[PDB]
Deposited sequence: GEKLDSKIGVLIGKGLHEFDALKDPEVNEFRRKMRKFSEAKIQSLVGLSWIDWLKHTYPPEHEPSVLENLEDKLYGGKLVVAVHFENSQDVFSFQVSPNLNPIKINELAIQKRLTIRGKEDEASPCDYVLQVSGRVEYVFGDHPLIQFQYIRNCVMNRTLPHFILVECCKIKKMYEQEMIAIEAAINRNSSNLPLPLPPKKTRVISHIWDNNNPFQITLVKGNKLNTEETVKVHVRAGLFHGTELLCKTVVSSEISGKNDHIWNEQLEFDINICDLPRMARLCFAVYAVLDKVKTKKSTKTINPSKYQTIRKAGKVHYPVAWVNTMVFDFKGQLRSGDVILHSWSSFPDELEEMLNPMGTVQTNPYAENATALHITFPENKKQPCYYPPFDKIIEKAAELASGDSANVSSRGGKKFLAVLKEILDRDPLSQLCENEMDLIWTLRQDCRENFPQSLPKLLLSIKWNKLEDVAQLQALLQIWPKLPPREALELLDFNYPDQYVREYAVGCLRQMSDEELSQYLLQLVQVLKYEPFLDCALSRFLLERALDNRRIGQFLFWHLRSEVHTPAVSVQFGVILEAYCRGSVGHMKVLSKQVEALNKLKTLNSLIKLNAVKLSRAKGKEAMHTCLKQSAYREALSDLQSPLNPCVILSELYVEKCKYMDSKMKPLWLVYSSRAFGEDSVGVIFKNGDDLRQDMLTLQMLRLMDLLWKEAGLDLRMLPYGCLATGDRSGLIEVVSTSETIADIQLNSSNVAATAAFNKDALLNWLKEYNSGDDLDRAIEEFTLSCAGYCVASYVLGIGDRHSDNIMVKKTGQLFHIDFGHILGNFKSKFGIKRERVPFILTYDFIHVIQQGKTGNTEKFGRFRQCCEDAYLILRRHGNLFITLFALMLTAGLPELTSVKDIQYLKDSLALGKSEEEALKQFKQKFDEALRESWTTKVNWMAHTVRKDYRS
């Protein structure tokens, strides 16, 4: 209880202090799911623990060009023991089991023990390679061959794994209505903290009945709506606005149990108003009241309590019963158009009647019609709702990508949302992690705590630690926000109770980030007193302290749950001399190599925009690979850990265009005055065949990021926000604003063109391939246009300044040219590409001028 409180960032006593039945019932119900997960873990013993927690990834497929990629048809592996620094480099056949590495390494140690009492652990990662499967089948070995990198293994004794297993097990063991013809009416009585009130009923975006306006001024007025209690839907929204805007508040007609509310209800209104409003009201806003204890604007309203027995919404059996009581020239081309429309598009009364009349044709011929079919009714009639609900169970499961649309603002109904999550159960954990950022923000829109989405997100987080660690930080970053403090807190409590063993891993992360927050605050104060040379020494002395060293070393990274952050390389650790003073942390490598694991800590700066942009870059790279196009994208890890605080993954051996132009140390740059610095920089670290691979990796990565920055609208591009890795790969950094909210044209510079053409101006064939590559990448992105719109629609409740209303997503439709045909959309892209080429030297000047006005 006390251990959970400190970890989640909210006291468990705070939930009991609220005295709310919804909060108490959710905590009770989720405890049953948490305790059942504990009981399933104690049943499993020995090797079965690793087979569930960290299973070895394997594929039975065959690899292309296997003979040339292998060292004489054999794998070369580097292996060392837990306490021994001596690495053993030897050849192992790919067809043999991982036990062959175990026996060949112990024999080398015996010359200068049984192989069965040893397990293979991936270098600097909580990943394991074991089983009666060939070595070529394993994913870590497979990736090593493709990326050319040599596989590094650490032999961990079975007794040490047993010691790790038993210690966790001790902590796990320690857990021991429709008949009512009367119209709907509410009484407006008093506005407490006021410095007329408009009322209206909504069901997503749709207006259920005509809006009601109160007399201009204490009110004591009966506001009667043009709808009956029988016709009211389950997830009906009652919106209020005081105005000229003063205060707005939203409330639910039916509670979490499904009962029609009766009696006096106090509603704490909000001060901030959005730019876009529907009928002078905000139906897009949350139904949660202002948590400010007697300080914010309060609106007192009285629900009809004159009823003898409290009436609930009809149960599932009663809904289908009414649907059966109702039941017992076709225009296909015009229906096909409506069905093919994007999620942002609105439907007309005449269009809605067409889908409703052709509901049987929609059910039998087009399963993709359901999102449009659910919006074909106004939900202001019980007959229309019951018939639609009956068609919902007999409807086949939609693909997970199309299912995500049924979770936005347009679909508030419980049964509709229960179907959507059911379709998302079909996808794997790897697929779920891609859309995990969007699903967490849907919980903010969710009116009640106990929903199908919260139950499913917890079920997957408990079964998989990679999903679990990510969900933990997604909720903990907004746990201090009063608007979602109660909602995000109970989900965090439910996960920690069901994963007592993972709490130790999460505790080390919370403790490490707290020291980072302290170190960031110390430099902010010492900035006006100490110099740059003295300030760097002050940071090194602070990190060398026993309190800082023990807290930041030997723990799993919050960005990547596998990667282990070892001892900190104090000498390479630095900080930026900017207002927010971000920290740069470099971790020491192990006995094998290796590329030093880097992590950037940023405090005071919002990283929610960076998280969304890199998630889109990951999705773009995934959709391109499905078409058979690997553009060698580098969408690095970014995770918001707290309020205006987060972490950034460092891409090893990479420098900005500005750093490449301002030659580091003493390199042969005289070309002269470091002319065409990008090509000369790549020539220094890549020679012969490797240089050709570096040019190829540059032209593919440049093409991908040029299309990505044009589509997403990533503006303010210069020499400091574009980085180049030593392997050739080009990538964008520091994503401040999105969707042209910094409109944004296609950007291309001569520095890139010089690399693609390999220095020769008459090498048009290479640039022609790059131009067609940009054109190809843009057309693949157009096919999945509806998916990109869906993902941005679910992020409207996140609280981003650039993304507030549906009008902000309109930029994405224009950039992808979804309104134009495939022919005119490419012609629009080509026009912008040719404009970027004609302004390539102008872009080169503006970026070089930016490099000049520094220090």
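- Point out each run of deposited residues with no C-alpha coordinates, keeping the order of the sequence. Gaps in the modelled chain, taken against the deposited sequence, lie at 1-4, 117-122, 187-207, 227-233, 256-261, 288-317, 403-413, 828-836, 950-952.
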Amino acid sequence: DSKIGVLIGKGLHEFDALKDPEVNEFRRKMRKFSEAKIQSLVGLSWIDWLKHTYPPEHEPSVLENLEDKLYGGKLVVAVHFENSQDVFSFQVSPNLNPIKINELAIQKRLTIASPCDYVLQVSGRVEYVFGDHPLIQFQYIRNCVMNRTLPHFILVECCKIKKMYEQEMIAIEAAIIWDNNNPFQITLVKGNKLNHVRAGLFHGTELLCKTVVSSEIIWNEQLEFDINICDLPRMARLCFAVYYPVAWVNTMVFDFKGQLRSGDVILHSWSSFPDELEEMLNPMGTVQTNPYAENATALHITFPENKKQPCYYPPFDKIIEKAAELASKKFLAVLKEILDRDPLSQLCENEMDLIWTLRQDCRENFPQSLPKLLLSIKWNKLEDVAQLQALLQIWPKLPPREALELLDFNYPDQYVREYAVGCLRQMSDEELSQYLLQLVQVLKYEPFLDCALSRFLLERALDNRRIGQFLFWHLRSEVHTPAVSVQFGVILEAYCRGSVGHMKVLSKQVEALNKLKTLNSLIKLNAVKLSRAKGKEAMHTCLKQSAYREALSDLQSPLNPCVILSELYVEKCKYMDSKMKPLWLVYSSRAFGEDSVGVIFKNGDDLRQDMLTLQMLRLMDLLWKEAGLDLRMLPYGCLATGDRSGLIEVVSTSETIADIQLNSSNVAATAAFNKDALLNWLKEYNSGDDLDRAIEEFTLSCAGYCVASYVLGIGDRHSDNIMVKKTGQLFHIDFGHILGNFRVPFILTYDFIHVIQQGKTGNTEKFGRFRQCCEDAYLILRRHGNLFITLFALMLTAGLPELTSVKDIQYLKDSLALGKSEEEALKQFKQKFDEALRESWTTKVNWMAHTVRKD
From here on, numbers count along this sequence of modelled residues.
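- Mean C-alpha temperature factor, higher of 17-25 and 838-846: Higher mean C-alpha B-factor: 17-25.
- Averaging only over Cα atoms, indicate whether 67-75 or 679-687 has the higher B-factor in the PDB entry. Stretch with the higher mean C-alpha B-factor: 67-75.
- Query: Between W584, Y411, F303, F752, which one tops the list for C-alpha B-factor in the PDB entry?
  - Reply: In the PDB entry, the greatest C-alpha B-factor among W584, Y411, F303, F752 is found at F303.
- Peak C-alpha temperature factor (PDB record), options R743, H732, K378, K534: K534 has the highest C-alpha B-factor of those listed.
- Task: Using the B-factors in the PDB entry, rank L155's C-alpha atom against the chain and give the third, lowest, middle or highest.
- Result: For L155, whose C-alpha B-factor we compare with every modelled residue in the chain, the answer is the highest third.
- Message: Which third, lowest, middle or highest, does the C-alpha temperature factor of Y312 belong to within its own chain?
- Response: Highest third of the chain for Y312's C-alpha B-factor.
- Item | Chain-wide C-alpha B factor ranking for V806, given as lowest, middle or highest third | Tercile = middle for this residue's CA B-factor.
- Item | Within-chain third of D554 by Cα B-factor, per the entry | Its C-alpha B-factor, which the entry lists for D554, ranks in the middle third among residues of this chain.
- Classify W624 as lowest, middle or highest third according to the C-alpha B-factor given in the PDB entry, relative to its own chain. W624: CA B-factor falls in the lowest third of its chain.
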